[PDB]
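J.: One structure coming up, written as structure tokens, with questions to follow.
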Protein chains: 4
Amino acid sequence: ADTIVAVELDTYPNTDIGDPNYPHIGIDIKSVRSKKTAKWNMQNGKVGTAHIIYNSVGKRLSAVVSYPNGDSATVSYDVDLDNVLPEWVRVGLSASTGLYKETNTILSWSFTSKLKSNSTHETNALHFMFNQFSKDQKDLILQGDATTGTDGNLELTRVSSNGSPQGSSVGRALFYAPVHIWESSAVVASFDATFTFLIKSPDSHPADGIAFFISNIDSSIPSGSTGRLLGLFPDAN
Amino acid sequence: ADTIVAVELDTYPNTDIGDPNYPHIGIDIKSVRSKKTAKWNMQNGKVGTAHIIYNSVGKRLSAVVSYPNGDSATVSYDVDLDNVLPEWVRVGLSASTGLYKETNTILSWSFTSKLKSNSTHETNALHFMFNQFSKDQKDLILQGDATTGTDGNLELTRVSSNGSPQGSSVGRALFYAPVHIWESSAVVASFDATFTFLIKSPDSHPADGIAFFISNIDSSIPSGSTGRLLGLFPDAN
Amino acid sequence: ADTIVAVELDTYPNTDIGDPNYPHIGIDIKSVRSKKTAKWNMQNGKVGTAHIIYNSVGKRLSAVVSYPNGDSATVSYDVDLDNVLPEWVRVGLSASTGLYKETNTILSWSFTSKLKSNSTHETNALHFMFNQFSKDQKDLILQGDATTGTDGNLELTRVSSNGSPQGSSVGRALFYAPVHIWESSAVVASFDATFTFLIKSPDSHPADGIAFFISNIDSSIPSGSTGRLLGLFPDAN
Amino acid sequence: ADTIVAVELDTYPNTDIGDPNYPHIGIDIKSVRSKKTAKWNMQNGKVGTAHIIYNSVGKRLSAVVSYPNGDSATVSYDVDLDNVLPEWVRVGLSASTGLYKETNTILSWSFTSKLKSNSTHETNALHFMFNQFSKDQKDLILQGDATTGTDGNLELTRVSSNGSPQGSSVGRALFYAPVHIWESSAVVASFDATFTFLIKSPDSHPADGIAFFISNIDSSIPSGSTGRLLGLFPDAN
Ligand SMILES: [Ca+2]
Ligand SMILES: [Ca+2]
Ligand SMILES: [Ca+2]
Ligand SMILES: [Ca+2]
Ligand SMILES: [Mn+2]
Ligand SMILES: [Mn+2]
Ligand SMILES: [Mn+2]
Ligand SMILES: [Mn+2]
């Protein structure tokens with residue numbers, strides 16, 4: 001199926017599938033069942049920022065999500081991505097709502113990838129940065145309910161004309177170009193991403209989350225992957 | 001018909017179609033007959049560097065080609081590219097051989113695009129850098145004879161395994177993601193590109209050159225644009 | 001004395017010294033008497049952004065100042081900076097108030113410098129970006145009334161504890177490291193800066209302006225250079 | 001006493017002071033006795049590349065040294081640098097020779113620091129890149145025997161004009177601007193550095209190595225830290 005590495009901003013505790021019982025940031029290596037989570041004090045209606053960093057020297061995938069107020073949640077996991085992901089991938093943002101819902105608004109998203117082979121100055125790099133998203137954002141593949149342009153933002157999941165989030169929605173945006181994430185003869189593979197999000201819900205509890213992910217290039221939304229599956233996984237195995 | 005903006009490193013004078021009677025650098029606005037040229041002393045078998053720069057504020061497209069010994073040619077052209085290019089483009093390198101030939105070897109290629117909309121820190125950006133090209137370079141669209149991987153280089157045109165370039169070859173490499181080159185709502189759009197090239201004619205009678213170009217996203221090698229048309233234009237109008 | 005190249009955001013028309021009779025953006029080459037101005041619809045109390053770009057291929061210094069609302073003023077001037085500035089310089093922000101006053105608040109400031117010599121990949125570069133300024137900003141030399149830290153901003157000129165700007169104030173912030181702006185054997189010298197500013201005045205008219213400047217390294221505020229002189233020039237010659 | 005964080009490319013085993021009995025790479029936290037080393041097969045007379053990376057999220061300092069043939073050594077150390085370094089530092093390269101010698105030639109050096117405070121797009125950044133060092137390199141502080149300009153390189157230690165390195169030489173180059181490496185209010189601090197070096201011993205008995213270091217801003221070469229102390233430490237404690 002798809003090969004997924006993701007950092008999830010999981011807004012809803014599905015302890016049924018191994019979520020801790022609080023909103024959490026998590027590192028997901030080919031399963032929605034995070035290898036590692038940290039409690040995340042999600043702030044309904046605040047703008048937050050997630051930073052995801054990997055270096056292939058230290059082989060440690062780290063992520064922080066924070067709110068200006070100051071609250072901040074951190075998670076790291078040792079993983080050799082050489083062993084997990086295909087050589088070439090796509091990188092994206094995914095979000096979902098289920099029975100409970102939230103806006104999954106991306107205000108900005110940036111990504112830098114570096115790939116060095118041994119041979120002096122031999123870095124390849126990709127960087128993109130979106131601070132504004134237009135109606136027709138041709139460097140993004142939008143999947144599912146993802147739209148761009150409304151207030152210059154990427155709405156990952158359905159929002160009504162009056163800003164009201166809809167449930168059972170899933171959507172993703174992938175950067176258009178494949179990303180070379182490792183090679184046979186790589187000295188340093190390394191990447192980082194940042195995105196700023198606004199998760200707002202009128203419900204008793206927001207759900208389900210936003211994920212930064214890295215997939216096989218031809219990745220698409222697994223069917224049924226709204227709600228707790230986060231646009232990322234066909235099931236909770 | 002494609003819409004092409006190019007900077008050509010034109011190694012062969014086709015005075016026939018308006019070339020000056022020497023190797024030149026030129027800025028091509030929708031025609032192989034450059035709007036502006038400068039004399040260029042192509043150094044056969046040496047690694048050269050071309051830098052292309054444009055910002056939407058000064059509305060000047062500028063290019064330099066230089067070699068390590070310090071010899072360099074420069075050309076600029078005042079042009080408002082919103083009047084020329086679609087809002088969304090691909091960027092690429094193109095090369096051809098005709099009756100005469102040369103290696104059109106790209107050793108590295110990088111590009112930066114920035115687009116700022118009205119709205120305060122509101123920059124979108126694309127950057128990529130290839131200092132090494134792999135046999136399977138999925139973030140490049142390879143067209144015609146273009147191959148990558150051969151010594152970690154991009155050979156835009158056909159070169160036999162002994163290192164000998166072939167006549168009537170065209171090839172191009174376009175970056176995979178479309179590039180947002182302008183918008184209505186744009187305070188600043190700007191881009192710059194650099195590539196290093198090894199043009200070598202074992203005759204020391206080189207043809208036809210290399211171009212950095214910007215095209216409509218669906219651009220392909222026009223029919224019969226080997227030789228002097230540099231993989232860019234259907235004819236010499 | 002000092003060698004100054006500046007882009008001025010001149011908020012006050014001193015037609016006595018050659019200002020056009022409206023707020024204006026201007027390019028100043030060793031004189032406060034701009035070589036080139038454009039009318040600038042200054043918006044008292046709005047956050048604006050100025051972008052300054054130079055490439056040494058095109059030898060055209062350009063600047064745009066804009067407000068999110070959408071208003072935007074542009075100016076360019078052909079100048080070989082090789083001939084104006086010393087090889088090594090400092091880059092800074094300057095502002096002043098006089099009889100009339102305004103806050104000269106910098107919210108952010110970034111700068112990129114590139115210097116290539118002929119010799120393939122041989123780029124030197126400096127980039128810095130400040131989105132927040134702390135109390136003790138050791139990579140900035142603060143001159144005159146310039147302070148950092150109050151709300152994470154750089155206040156270039158005196159503001160009272162309640163946010164009220166003071167007249168006859170001058171201040172500057174220079175990036176700490178000297179910048180190599182040209183060399184003998186430079187293929188491309190090129191730089192750009194961005195800053196976002198908030199100019200607010202309670203007076204009948206704001207004054208006097210903010211300038212992005214490039215100076216000799218040992219540059220200091222010319223005495224008496226409050227008001228129309230903008231922290232930049234000892235006189236209006 | 002200076003506060004030093006270093007990554008050493010240590011070419012000479014002083015088993016005396018805890019070095020392993022082979023050339024190694026190591027992470028030095030306030031002591032020349034590395035907290036972590038990895039075997040390093042220094043290739044005499046070849047141009048190597050060292051990459052150093054740290055982010056404050058994963059809290060792992062990682063380094064690789066490699067040569068073009070693909071041989072590479074890697075070392076990581078879990079460290080929270082806020083516990084080690086002052087908030088404001090300088091970064092630099094250091095080298096020494098002692099009884100044994102080697103060229104400590106730096107062909108290029110680059111560094112990127114990012115510091116994000118609580119506050120939403122709130123990143124401060126410093127980047128510099130030297131691919132060519134000039135005789136008068138005003139953005140470097142040169143200490144001890146360090147000179148620049150000689151072949152566009154930085155010779156950290158004394159080399160005679162025939163190309164022959166000298167014993168008991170120390171030198172360093174610190175980037176001129178202080179670097180904000182952490183703050184209380186910091187969501188993410190991270191940095192990475194790269195330098196390429198040519199260590200050559202015309203005996204093929206090299207000493208003593210090169211280090212990338214981060215120090216208190218006022219750091220100078222400690223007394224008698226030629227040889228094994230690498231210009232970094234006053235003694236071998
Ligand atoms: Ca969940
Ligand atoms: Ca031609
Ligand atoms: Ca004025
Ligand atoms: Ca040693
Ligand atoms: Mn979860
Ligand atoms: Mn031509
Ligand atoms: Mn003026
Ligand atoms: Mn050691």
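Convention: chains lettered A, B, ... in structure tokens order; per-chain residue numbering from 1; ligands numbered from 1 as shown.
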Taking the chain letters and numbering used in this document, name the residues of range 3-179 of chain C that DSSP puts in strand (DSSP E or B), as a ChimeraX atom specification.
T.: /C:4-10,24-29,36-39,47-55,60-66,72-78,88-96,105-117,123-130,140-144,147-148,154-155,159,165,170-175,179
J.: Which residues of chain B are close to chain D, meaning at most 12 Å apart when you count only C-alpha atoms, and how do they look as a tab-separated table (two decimals) with N, CA and C atoms, in the first residue's frame?
T.:
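See selection-v6.tsv below for the written result:
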chain	number	residue	atom	x	y	z
B	120	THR	N	2.32	41.18	3.75
B	120	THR	CA	3.15	41.35	5.00
B	120	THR	C	3.77	40.03	5.51
B	121	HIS	N	5.07	39.89	5.23
B	121	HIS	CA	5.76	38.58	5.29
B	121	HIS	C	5.17	37.52	4.27
B	122	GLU	N	4.38	37.94	3.26
B	122	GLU	CA	3.54	36.99	2.40
B	122	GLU	C	4.23	36.30	1.20
B	123	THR	N	5.49	35.98	1.37
B	123	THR	CA	6.27	35.37	0.32
B	123	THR	C	6.09	33.87	0.18
J.: With only C-alpha atoms and all ligand atoms counted, collect every polymer residue having an atom within 9 Å of ligand 3; state the result as an mmCIF file with N, CA and C atoms, in the first residue's frame.
T.:
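Saved the output as selection-v9.cif:
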data_model
loop_
_atom_site.group_PDB
_atom_site.id
_atom_site.type_symbol
_atom_site.label_atom_id
_atom_site.label_comp_id
_atom_site.auth_asym_id
_atom_site.auth_seq_id
_atom_site.Cartn_x
_atom_site.Cartn_y
_atom_site.Cartn_z
ATOM 1 N N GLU C 8 15.363 55.288 0.891
ATOM 2 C CA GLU C 8 14.648 56.011 1.911
ATOM 3 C C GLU C 8 13.148 55.825 1.738
ATOM 4 N N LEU C 9 12.487 55.667 2.876
ATOM 5 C CA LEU C 9 11.051 55.721 3.021
ATOM 6 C C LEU C 9 10.846 57.087 3.671
ATOM 7 N N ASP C 10 10.710 58.091 2.814
ATOM 8 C CA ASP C 10 10.725 59.453 3.301
ATOM 9 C C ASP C 10 9.314 59.904 3.569
ATOM 10 N N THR C 11 8.963 60.051 4.846
ATOM 11 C CA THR C 11 7.562 60.351 5.205
ATOM 12 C C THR C 11 7.191 61.825 5.170
ATOM 13 N N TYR C 12 8.151 62.694 4.908
ATOM 14 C CA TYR C 12 7.869 64.092 5.073
ATOM 15 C C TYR C 12 8.520 64.847 3.943
ATOM 16 N N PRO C 13 7.747 65.691 3.240
ATOM 17 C CA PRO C 13 8.281 66.430 2.103
ATOM 18 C C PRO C 13 9.047 67.684 2.512
ATOM 19 N N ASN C 14 10.378 67.644 2.404
ATOM 20 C CA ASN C 14 11.189 68.812 2.603
ATOM 21 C C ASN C 14 11.590 69.293 1.248
ATOM 22 N N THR C 15 10.730 70.068 0.601
ATOM 23 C CA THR C 15 10.973 70.457 -0.763
ATOM 24 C C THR C 15 12.151 71.411 -0.800
ATOM 25 N N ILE C 17 14.931 70.772 0.275
ATOM 26 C CA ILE C 17 16.117 69.991 -0.006
ATOM 27 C C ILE C 17 15.848 68.987 -1.122
ATOM 28 N N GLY C 18 14.875 69.314 -1.958
ATOM 29 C CA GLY C 18 14.708 68.590 -3.186
ATOM 30 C C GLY C 18 13.738 67.439 -3.122
ATOM 31 N N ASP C 19 13.174 67.126 -1.955
ATOM 32 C CA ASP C 19 12.094 66.149 -1.873
ATOM 33 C C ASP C 19 10.961 66.583 -2.765
ATOM 34 N N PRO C 20 10.326 65.619 -3.420
ATOM 35 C CA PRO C 20 9.047 65.917 -4.069
ATOM 36 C C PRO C 20 8.062 66.242 -2.922
ATOM 37 N N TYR C 22 5.419 65.065 -1.468
ATOM 38 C CA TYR C 22 4.540 64.026 -0.992
ATOM 39 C C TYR C 22 5.490 63.056 -0.323
ATOM 40 N N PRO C 23 5.003 62.225 0.586
ATOM 41 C CA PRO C 23 5.824 61.116 1.058
ATOM 42 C C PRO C 23 6.317 60.365 -0.193
ATOM 43 N N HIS C 24 7.521 59.812 -0.111
ATOM 44 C CA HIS C 24 8.111 59.193 -1.285
ATOM 45 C C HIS C 24 9.105 58.126 -0.866
ATOM 46 N N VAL C 32 21.277 62.870 0.352
ATOM 47 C CA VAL C 32 19.878 62.737 0.816
ATOM 48 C C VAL C 32 18.986 63.185 -0.332
ATOM 49 N N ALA C 207 6.831 62.315 10.416
ATOM 50 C CA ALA C 207 8.157 62.617 9.857
ATOM 51 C C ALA C 207 9.148 61.822 10.705
ATOM 52 N N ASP C 208 10.353 61.509 10.226
ATOM 53 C CA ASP C 208 10.848 61.900 8.911
ATOM 54 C C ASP C 208 11.064 60.773 7.928
ATOM 55 N N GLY C 209 11.217 59.559 8.421
ATOM 56 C CA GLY C 209 11.344 58.415 7.561
ATOM 57 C C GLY C 209 12.206 57.310 8.125
ATOM 58 N N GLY C 227 15.623 64.586 11.840
ATOM 59 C CA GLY C 227 14.744 65.184 10.866
ATOM 60 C C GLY C 227 14.995 64.668 9.464
ATOM 61 N N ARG C 228 15.031 65.608 8.514
ATOM 62 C CA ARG C 228 14.990 65.345 7.101
ATOM 63 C C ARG C 228 16.291 64.605 6.651
ATOM 64 N N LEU C 229 17.318 64.609 7.504
ATOM 65 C CA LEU C 229 18.604 64.033 7.111
ATOM 66 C C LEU C 229 18.717 62.527 7.321
ATOM 67 N N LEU C 230 17.794 62.003 8.144
ATOM 68 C CA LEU C 230 17.321 60.624 8.163
ATOM 69 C C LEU C 230 18.309 59.702 8.829
#
J.: Smallest atom-to-atom distance to residue 226 in chain B: which of B:96, B:185, B:164, B:74, using only C-alpha atoms?
T.: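 Ranking B:96, B:185, B:164, B:74 by distance to residue 226 in chain B, first place goes to B:96.
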J.: Would you pick out the contacts of residue 198 in chain A at 12 Å or less, using only C-alpha atoms, so that residues sharing its chain but fewer than 2 positions from it are not included, and give the list as a ChimeraX atom specification?
T.: /A:9,11,42-50,66-67,95,102-108,153-157,163,165,195-196,200-201,206,209-210 /D:120
J.: Neighbouring residues of residue 129 in chain D were defined as those with any atom within 8 Å, considering only C-alpha atoms; residues of the same chain fewer than 2 positions away were excluded. Please report them as a list in words.
T.: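 Counting only the stated atoms, we get residues 123, 124, 125 and 126 of chain C; 108, 109, 110, 111, 127 and 131 of chain D.
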J.: Could you please write out, as a list in words, every residue of range 33-166 of chain B that DSSP assigns to helix (DSSP H, G or I)?
T.: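 The helix (DSSP H, G or I) residues within range 33-166 of chain B come out as residues 81, 82, 83, 150, 151 and 152 of chain B.
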J.: How far is it from CA of residue 65 in chain A to CA of residue 182 in chain D, in Å with one decimal?
T.: 17.7 Å
J.: Name the residues in contact with residue 82 in chain C at a cut-off of 12 Å, using only C-alpha atoms, excluding same-chain residues fewer than 5 positions from it; report them as a list in words.
T.: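 With the cut-off at 12 Å, the set is residues 5, 54, 55, 56, 57, 59, 60, 87, 88, 89, 180, 181, 182, 183, 184, 185, 186, 187, 188, 189 and 190 of chain C.
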J.: Could you turn the residues from that selection into a file that holds N, CA and C atoms, as a compact mmCIF listing (two decimals), in the first residue's frame?
T.:
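That gives us selection_19.txt:
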# COMPACT_ATOMS: atom_id res chain seq x y z
N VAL C 5 24.88 54.56 0.52
CA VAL C 5 23.79 54.20 -0.42
C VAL C 5 22.56 53.85 0.41
N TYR C 54 19.29 44.62 -5.40
CA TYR C 54 20.27 45.00 -6.36
C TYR C 54 20.85 43.78 -7.01
N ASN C 55 20.92 43.73 -8.33
CA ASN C 55 21.88 42.76 -8.89
C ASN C 55 22.98 43.48 -9.65
N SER C 56 24.21 43.03 -9.49
CA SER C 56 25.33 43.62 -10.19
C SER C 56 25.50 43.22 -11.62
N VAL C 57 24.58 42.43 -12.18
CA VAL C 57 24.62 42.09 -13.61
C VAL C 57 23.86 43.20 -14.29
N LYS C 59 22.90 45.86 -12.78
CA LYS C 59 23.36 47.11 -12.16
C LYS C 59 22.21 48.08 -11.97
N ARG C 60 21.12 47.58 -11.41
CA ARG C 60 19.89 48.33 -11.19
C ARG C 60 19.46 48.06 -9.77
N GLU C 87 34.45 48.29 -0.95
CA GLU C 87 34.34 46.84 -1.13
C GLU C 87 33.60 46.11 0.00
N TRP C 88 33.91 46.55 1.20
CA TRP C 88 33.34 46.06 2.40
C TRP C 88 32.54 47.20 3.01
N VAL C 89 31.36 46.85 3.51
CA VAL C 89 30.39 47.79 4.02
C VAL C 89 29.68 47.22 5.21
N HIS C 180 30.56 41.95 2.25
CA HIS C 180 31.39 42.10 1.12
C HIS C 180 30.52 42.35 -0.09
N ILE C 181 30.53 43.57 -0.58
CA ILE C 181 29.48 43.95 -1.53
C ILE C 181 30.03 43.89 -2.98
N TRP C 182 31.34 44.01 -3.16
CA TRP C 182 31.95 43.79 -4.44
C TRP C 182 33.39 43.41 -4.24
N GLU C 183 34.00 42.87 -5.28
CA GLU C 183 35.39 42.45 -5.26
C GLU C 183 35.94 42.87 -6.64
N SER C 184 37.27 42.89 -6.81
CA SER C 184 37.87 43.06 -8.16
C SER C 184 37.23 42.08 -9.17
N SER C 185 37.42 40.79 -8.90
CA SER C 185 37.08 39.70 -9.82
C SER C 185 35.70 39.03 -9.56
N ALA C 186 34.68 39.87 -9.30
CA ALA C 186 33.30 39.44 -9.07
C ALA C 186 32.52 39.27 -10.38
N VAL C 187 31.95 38.07 -10.54
CA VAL C 187 31.00 37.72 -11.61
C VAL C 187 29.63 38.34 -11.28
N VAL C 188 29.08 37.99 -10.12
CA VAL C 188 27.83 38.62 -9.64
C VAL C 188 28.06 39.06 -8.23
N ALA C 189 27.88 40.36 -7.98
CA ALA C 189 27.55 40.86 -6.67
C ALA C 189 26.02 41.14 -6.77
N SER C 190 25.33 40.87 -5.67
CA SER C 190 23.91 41.04 -5.60
C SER C 190 23.40 40.88 -4.17
J.: Quick one: residues within 10 Å of residue 90 in chain B, only C-alpha atoms, excluding same-chain residues fewer than 3 positions away - as a list in words?
T.: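 Residues near the query, excluding close chain neighbours: residues 4, 86, 141, 173, 174, 175, 176, 177, 178, 179, 180, 181, 213, 214, 215, 216, 217, 218 and 219 of chain B.
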J.: Export, as a PDB file, in the first residue's frame, the selected residues with N, CA, C and O atoms.
T.:
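Contents of the output file part_19.pdb:
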ATOM      1  N   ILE B   4       7.966  31.028 -24.612  1.00  0.00           N
ATOM      2  CA  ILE B   4       9.304  30.790 -24.112  1.00  0.00           C
ATOM      3  C   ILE B   4       9.990  32.096 -23.773  1.00  0.00           C
ATOM      4  O   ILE B   4       9.883  33.052 -24.515  1.00  0.00           O
ATOM      5  N   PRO B  86       2.893  33.173 -18.909  1.00  0.00           N
ATOM      6  CA  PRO B  86       1.727  32.832 -18.097  1.00  0.00           C
ATOM      7  C   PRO B  86       2.132  32.989 -16.636  1.00  0.00           C
ATOM      8  O   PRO B  86       3.330  33.006 -16.290  1.00  0.00           O
ATOM      9  N   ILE B 141      11.644  16.510 -15.310  1.00  0.00           N
ATOM     10  CA  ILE B 141      11.043  16.018 -16.518  1.00  0.00           C
ATOM     11  C   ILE B 141      12.148  16.058 -17.583  1.00  0.00           C
ATOM     12  O   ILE B 141      12.605  17.153 -17.963  1.00  0.00           O
ATOM     13  N   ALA B 173      15.562  19.470 -19.675  1.00  0.00           N
ATOM     14  CA  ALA B 173      15.203  19.081 -18.314  1.00  0.00           C
ATOM     15  C   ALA B 173      14.414  20.214 -17.683  1.00  0.00           C
ATOM     16  O   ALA B 173      14.872  21.335 -17.587  1.00  0.00           O
ATOM     17  N   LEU B 174      13.195  19.925 -17.289  1.00  0.00           N
ATOM     18  CA  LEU B 174      12.343  20.906 -16.666  1.00  0.00           C
ATOM     19  C   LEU B 174      12.167  20.494 -15.234  1.00  0.00           C
ATOM     20  O   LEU B 174      12.092  19.322 -14.943  1.00  0.00           O
ATOM     21  N   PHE B 175      12.155  21.465 -14.326  1.00  0.00           N
ATOM     22  CA  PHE B 175      11.905  21.113 -12.999  1.00  0.00           C
ATOM     23  C   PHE B 175      10.473  20.657 -12.940  1.00  0.00           C
ATOM     24  O   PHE B 175       9.583  21.156 -13.632  1.00  0.00           O
ATOM     25  N   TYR B 176      10.282  19.647 -12.122  1.00  0.00           N
ATOM     26  CA  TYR B 176       9.040  18.972 -12.080  1.00  0.00           C
ATOM     27  C   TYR B 176       7.869  19.870 -11.633  1.00  0.00           C
ATOM     28  O   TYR B 176       6.827  19.879 -12.286  1.00  0.00           O
ATOM     29  N   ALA B 177       8.033  20.632 -10.558  1.00  0.00           N
ATOM     30  CA  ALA B 177       6.945  21.481 -10.056  1.00  0.00           C
ATOM     31  C   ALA B 177       6.793  22.732 -10.911  1.00  0.00           C
ATOM     32  O   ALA B 177       7.795  23.348 -11.253  1.00  0.00           O
ATOM     33  N   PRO B 178       5.540  23.123 -11.227  1.00  0.00           N
ATOM     34  CA  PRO B 178       5.265  24.415 -11.812  1.00  0.00           C
ATOM     35  C   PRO B 178       5.699  25.524 -10.863  1.00  0.00           C
ATOM     36  O   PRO B 178       5.785  25.345  -9.644  1.00  0.00           O
ATOM     37  N   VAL B 179       5.996  26.673 -11.442  1.00  0.00           N
ATOM     38  CA  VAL B 179       6.593  27.741 -10.716  1.00  0.00           C
ATOM     39  C   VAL B 179       5.645  28.902 -10.897  1.00  0.00           C
ATOM     40  O   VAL B 179       5.156  29.175 -11.980  1.00  0.00           O
ATOM     41  N   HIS B 180       5.341  29.554  -9.795  1.00  0.00           N
ATOM     42  CA  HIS B 180       4.442  30.679  -9.842  1.00  0.00           C
ATOM     43  C   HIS B 180       5.283  31.919 -10.091  1.00  0.00           C
ATOM     44  O   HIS B 180       5.968  32.412  -9.213  1.00  0.00           O
ATOM     45  N   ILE B 181       5.245  32.415 -11.308  1.00  0.00           N
ATOM     46  CA  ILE B 181       6.191  33.451 -11.685  1.00  0.00           C
ATOM     47  C   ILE B 181       5.566  34.824 -11.492  1.00  0.00           C
ATOM     48  O   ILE B 181       6.264  35.792 -11.186  1.00  0.00           O
ATOM     49  N   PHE B 213      15.467  28.170 -19.840  1.00  0.00           N
ATOM     50  CA  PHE B 213      14.213  28.719 -20.290  1.00  0.00           C
ATOM     51  C   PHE B 213      13.115  28.637 -19.253  1.00  0.00           C
ATOM     52  O   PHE B 213      13.175  27.863 -18.279  1.00  0.00           O
ATOM     53  N   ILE B 214      12.084  29.399 -19.524  1.00  0.00           N
ATOM     54  CA  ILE B 214      10.857  29.431 -18.722  1.00  0.00           C
ATOM     55  C   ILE B 214       9.756  29.286 -19.756  1.00  0.00           C
ATOM     56  O   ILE B 214       9.756  29.981 -20.778  1.00  0.00           O
ATOM     57  N   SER B 215       8.864  28.337 -19.535  1.00  0.00           N
ATOM     58  CA  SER B 215       7.828  28.055 -20.530  1.00  0.00           C
ATOM     59  C   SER B 215       6.488  27.859 -19.824  1.00  0.00           C
ATOM     60  O   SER B 215       6.461  27.633 -18.611  1.00  0.00           O
ATOM     61  N   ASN B 216       5.398  27.946 -20.596  1.00  0.00           N
ATOM     62  CA  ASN B 216       4.130  27.304 -20.261  1.00  0.00           C
ATOM     63  C   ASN B 216       4.472  25.948 -19.671  1.00  0.00           C
ATOM     64  O   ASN B 216       5.471  25.315 -20.040  1.00  0.00           O
ATOM     65  N   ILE B 217       3.667  25.515 -18.735  1.00  0.00           N
ATOM     66  CA  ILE B 217       3.899  24.278 -17.984  1.00  0.00           C
ATOM     67  C   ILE B 217       3.863  23.014 -18.821  1.00  0.00           C
ATOM     68  O   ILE B 217       4.474  22.028 -18.447  1.00  0.00           O
ATOM     69  N   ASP B 218       3.103  23.026 -19.908  1.00  0.00           N
ATOM     70  CA  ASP B 218       2.928  21.846 -20.732  1.00  0.00           C
ATOM     71  C   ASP B 218       3.923  21.804 -21.889  1.00  0.00           C
ATOM     72  O   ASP B 218       3.833  20.934 -22.725  1.00  0.00           O
ATOM     73  N   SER B 219       4.903  22.702 -21.887  1.00  0.00           N
ATOM     74  CA  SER B 219       5.883  22.780 -22.945  1.00  0.00           C
ATOM     75  C   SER B 219       6.620  21.479 -23.212  1.00  0.00           C
ATOM     76  O   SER B 219       7.060  20.774 -22.291  1.00  0.00           O
TER      77      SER B 219
END
